[PDB]
Structure formats: C-alpha cells, structure tokens
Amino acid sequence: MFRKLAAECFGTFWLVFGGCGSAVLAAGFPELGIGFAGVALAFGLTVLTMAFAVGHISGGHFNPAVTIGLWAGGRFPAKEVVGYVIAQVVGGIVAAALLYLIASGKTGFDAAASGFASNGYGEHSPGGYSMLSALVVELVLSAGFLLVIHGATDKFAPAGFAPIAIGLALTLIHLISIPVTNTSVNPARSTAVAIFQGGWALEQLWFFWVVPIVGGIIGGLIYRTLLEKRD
C-alpha cells in the first residue's frame, strides 16, 4: 500500500495539473486557443497516460467516484477506499497549488473572478444551465463512465486496452458536459480547484461530491447486476 497510494497521488495530480492546466492556461488563448475540444482531449489524455504508467500498480482510478464505484460494482475492497480517496484529494490540491503559482506569472490573473476551471451550476454554469440539467448530465455521464471502466476492466476482451477505453471515455465526457457544469465526474478534481477559487465554487462543492459518487455507484451496480459474469 505504501506504493499504490503514491501512484494515486501522482495520478490525480497529473489529471488536475494537465486537465485544469490546459483549461486555465490555453483554453481561451487568443486565436490559437485550444477551446473545449482541447481541454476535453487533455483531461482524457492525463488519465490515459497515467493509466498506462501507474495502472499496473494501483489500478488507475485518480478519481474518488471511480474508487467508490469499483467498490459498489464489487471489484474494489473496502477501507482501502479511504486510503485512495485521500491520496487523490491531496494530489489534486498540490497540482492546483502549483497551477495557481504558474498562472500567477501572468499579469491580470484572478482565480476568483475567472472561476479557475471550477465546476458549478445555475449562475455558475458555463452555458447557464439549471441545477436540474447539471444533476442529470453529471449523474448519467458518471454512471456511464464507471460502466465503461467496469466493462473495460472485465476479463473478456481488453487485455491492455483499458487505458485507451477509459481515457477516451473521459475525453468524450468533456465534449458533452463542459457547457453544463464545466464537467466534473471527479470529486477530487472539483475540490482541488474550488479551494483556490475560494468563493462560489466552495459553496457548490458538495454537489460535485454526491452526484458524481451516486452516479458512479449506480453504474457499478448496473454492470454488476445486469452485465457479464453470470457463471
């Protein structure tokens, strides 16, 4: 365990630093900016490169909703969960700190006013979507995410392909939901960035813990008590 947690910490740090870093540093860059499609690719790739680099160690969760989701689907032991969830929040926060430091090297930076890539709904939704819209998309996408993780980790097809299926799945998820909640489906990622925004983000933070997790559990039971295995 004194090695599987390091991978957890270093993985969620990569995800935050990369995904959110692309969001605050290059998403809106004038003319040459990467936009949502670029940030969506980044997030997915942080997971794909780390799932290949440290997946054969901790399993490549880098997400509390994924950990607690592998538990519900009956594939990840209990109490080890807490160890992962904490390492995930820490790694994300560290990354968010260095990110904030890097972004501060440019005149006019304002993590409060800009949002600092924080997830939010209603008045804090990128496309101005209602809290209902945020709940539905976040839940469905979260459920589907874990459903793909489970099927891809199943012992009947992948065989080294899981990193690609999971990483691209996260990319797809951002191509859909960024306009709604800016896309979370990962409590560790929402917390890491809400802390530095220190305002409204920290007030809706609770939402991106429950829905992502609930949805994640739903998807774990769906594949468990409805798909494969049987015998």
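Residue indices: 1-based, along the sequence shown.
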query	finding
Mean C-alpha temperature factor, higher of 183-191 and 35-43	183-191
161-169 versus 52-60 - which carries the larger mean C-alpha B factor in the record	52-60
Criterion, highest CA B-factor; candidates, 73, 144, 115, 126	73
Among modelled residues of the same chain, the CA temperature factor third for residue 223	highest
Where the record places residue 28 (Cα B-factor, split into thirds across the chain)	lowest
Residue 82, C-alpha B-factor rank within chain (lowest, middle or highest third)	highest
Cα B factor band for residue 211 (lowest, middle or highest third within the chain)	middle
For residue 134, the third of its chain into which the C-alpha B factor falls	lowest
